[PDB]
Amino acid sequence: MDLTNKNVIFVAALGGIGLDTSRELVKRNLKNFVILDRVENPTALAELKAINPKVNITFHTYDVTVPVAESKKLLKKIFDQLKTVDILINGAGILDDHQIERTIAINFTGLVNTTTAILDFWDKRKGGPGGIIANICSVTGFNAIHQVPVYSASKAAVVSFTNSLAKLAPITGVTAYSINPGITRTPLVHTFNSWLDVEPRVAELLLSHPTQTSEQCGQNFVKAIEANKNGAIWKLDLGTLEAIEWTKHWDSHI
């Protein structure tokens, strides 16, 4: 996949991992880079506009906890403007296991709802052109940080969901793969709440082991996009990029 003159929507482009991924994407000579995020970051937006003024960067306010109808409304307006959208990147995430419902709504439900909304425009069954979805999950969706079990469970949900999207590609025309960063030095993991405070020092303990920077993660993120492998499960851990194999513990046979 050649990103030149592509139309990309990035949900939550202006967060730690997002911003660094966004800096790399804008170097690729996108036609349109649409940022959907809950909160404006004018600094980050100004930066990204500086990096490559050939790219048309647009920002819409977007909370992923809104209902599908709301997402549909917003996507209609984007599709109306741009006509075609090549790539959707779902990047919204909260780490805070004192916030059980909000964790799940943002990390899992919200990702599912944006995806369901964009399938209205993409589904080949309704005559749509198909599309590519890049889901930011997490290595914690493979194997939990069990001191943040809710966070990890929500990421396990999106890894599964993403795997199922990729299997639906022949019906929907929409391919999908997950991007799963290992521990990355962003503000998200700087400090955070463990579930029932089983481990109040969970951030300090995590950053006592090998981490990666946002930038190395950013770089590998765009490489995974350009590889464009339907069904890939990308691990971006410790500055590297690798596709993991999902264990087949059971098969539905359909």
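We call the rigid core the largest set of C-alpha positions that still match within 1.5 Å between the two forms. All residue numbers refer to positions in the sequence shown, first residue = 1.
- The segment moving more, judged by mean Cα distance from this form in 5 other deposited structures of this protein after a core overlay, is 179-187 among 143-151 and 179-187.
- The stretch that strays farther, by root mean square C-alpha distance over structures and residues in 5 other deposited structures of this protein after a rigid core fit, is 189-197, when 189-197 is set against 208-216.
- Look at the mean CA B-factor for 177-185 and for 133-141 in the entry; the higher one is 177-185.
- Of the two stretches examined, 217-225 and 24-32, the record assigns the greater average C-alpha temperature factor to 24-32.
- Note on the listed residues 77, 146, 155, 102: the highest Cα temperature factor in the record is that of 77.
- Looking at the C-alpha B-factors along this chain, the one for residue 243 belongs to the highest third.
- In this PDB entry, residue 59 carries a Cα temperature factor that places it within the middle third of its chain's modelled residues.
- Looking at the C-alpha B-factors along this chain, the one for residue 93 belongs to the middle third.
- When the CA B factors of the chain's modelled residues are split into thirds, the value for residue 127 lands in the highest one.
- Sort the modelled residues of the chain by CA B factor and residue 114 lands in the lowest third.
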